[PDB]
Amino acid sequence: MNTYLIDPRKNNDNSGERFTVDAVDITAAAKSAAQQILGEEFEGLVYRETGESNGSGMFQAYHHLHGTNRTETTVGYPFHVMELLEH
């Protein structure tokens, strides 16, 4: 298990409030971070906007638009996910 530091960025109006999630890899962490930022009704995935694959970076959530046959849309703003070592 790894720890990751989340900065919701524009999702919290860039207040500087941050939190951590634990996950086995950074893509799983980014999905957990989106659930925490967007709340329990969010079901979807995330994609990477910055950083090396498998490394720290900005991510953006997306999901199926409710009521539509197949429409996928982004939800929320980008957020940062960073590797963090706890002692």
Side-chain angles (χ1 to χ4, degrees), residues 1-40 42-87:
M1 196 62 59
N2 306 313
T3 301
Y4 301 89
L5 179 64
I6 310 309
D7 184 348
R9 299 278 285 198
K10 289 177 185 182
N11 298 287
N12 65 15
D13 301 300
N14 283 295
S15 65
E17 282 281 3
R18 293 165 165 91
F19 63 90
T20 59
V21 299
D22 281 10
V24 295
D25 66 24
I26 200 145
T27 57
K31 178 176 176 187
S32 180
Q35 293 173 321
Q36 286 305 301
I37 291 169
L38 302 169
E40 281 180 344
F42 169 72
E43 179 47 47
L45 294 178
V46 295
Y47 66 89
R48 178 178 293 274
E49 292 189 340
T50 74
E52 298 175 343
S53 294
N54 321 298
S56 302
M58 296 298 304
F59 288 79
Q60 167 73 62
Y62 65 91
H63 65 347
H64 179 258
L65 181 61
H66 176 78
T68 72
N69 52 0
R70 284 176 222 90
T71 317
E72 292 281 316
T73 67
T74 62
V75 45
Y77 285 103
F79 56 88
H80 198 264
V81 183
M82 193 180 71
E83 299 163 349
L84 182 67
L85 279 179
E86 295 180 311
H87 283 76

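Worth knowing before you read on, the calculation uses all heavy atoms, side chains too, and leaves out hydrogens, waters and symmetry mates. Sequence positions, counted from 1, serve as the residue numbers for this chain.
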Would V46 end up clustered with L38 when hydrophobic side chains under 4.5 Å apart are linked, directly or stepwise?
-> yes
Do other residues, nucleotides or ligands put more than 12 heavy atoms under 6.0 Å from the OH atom of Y77?
-> no
Check whether any side-chain heavy atom of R48 lies under 4.5 Å from a side-chain heavy atom of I26, and answer yes or no.
-> yes
Test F79 against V81 for side-chain contact (heavy atoms from CB on, under 4.5 Å), laying out the working first.
-> CA-CA 7 Å; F79 56 88; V81 183; 3.7 Å; yes
Would you kindly confirm whether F42 and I37 end up in one hydrophobic cluster when ILVMFWY residues are joined by side chain heavy atoms under 4.5 Å apart?
-> yes
Compare all side-chain heavy atoms of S56 with those of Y4 and state whether any distance is below 4.5 angstrom.
-> no
Counting only N and O atoms by type, is there a donor-acceptor contact under 3.5 Å from the side chain of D7 to the main-chain atoms of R18?
-> no
Check the hydrophobic clustering (I, L, V, M, F, W, Y; side-chain heavy atoms under 4.5 Å; chains of links allowed) and say if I6 and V75 are grouped together.
-> yes
To the nearest 0.5 Å, how far apart are NE2 in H80 and CD in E49?
-> 11.5 Å
What one should report as the nearest heavy-atom pair of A23 and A29 is CB-N, 3.5 Å
Here the gap from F19 atom CZ to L5 atom CG, rounded to the nearest 0.5 Å, amounts to 9.0 Å
Give the minimum heavy-atom separation between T73 and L65, together with the two atoms involved.
-> CG2-CB, 4.1 Å
Should the heavy atoms of other residues, nucleotides or ligands under 6.0 Å from CG of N14 be counted, would the total exceed 12?
-> yes
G76 to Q60 - nearest heavy-atom pair and separation | O-NE2, 3.1 Å
Which atom pair, heavy atoms only, marks the closest approach of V24 to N2?
-> O-ND2, 3.3 Å
Side-chain donor or acceptor of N12 paired with backbone N/O of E17 under 3.5 Å = yes
Quick one: closest heavy-atom pair of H63 and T74, and the distance?
-> CE1-O, 4.4 Å
Enclosure of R9 CZ (heavy-atom neighbours >12, cutoff 6.0 Å) = no
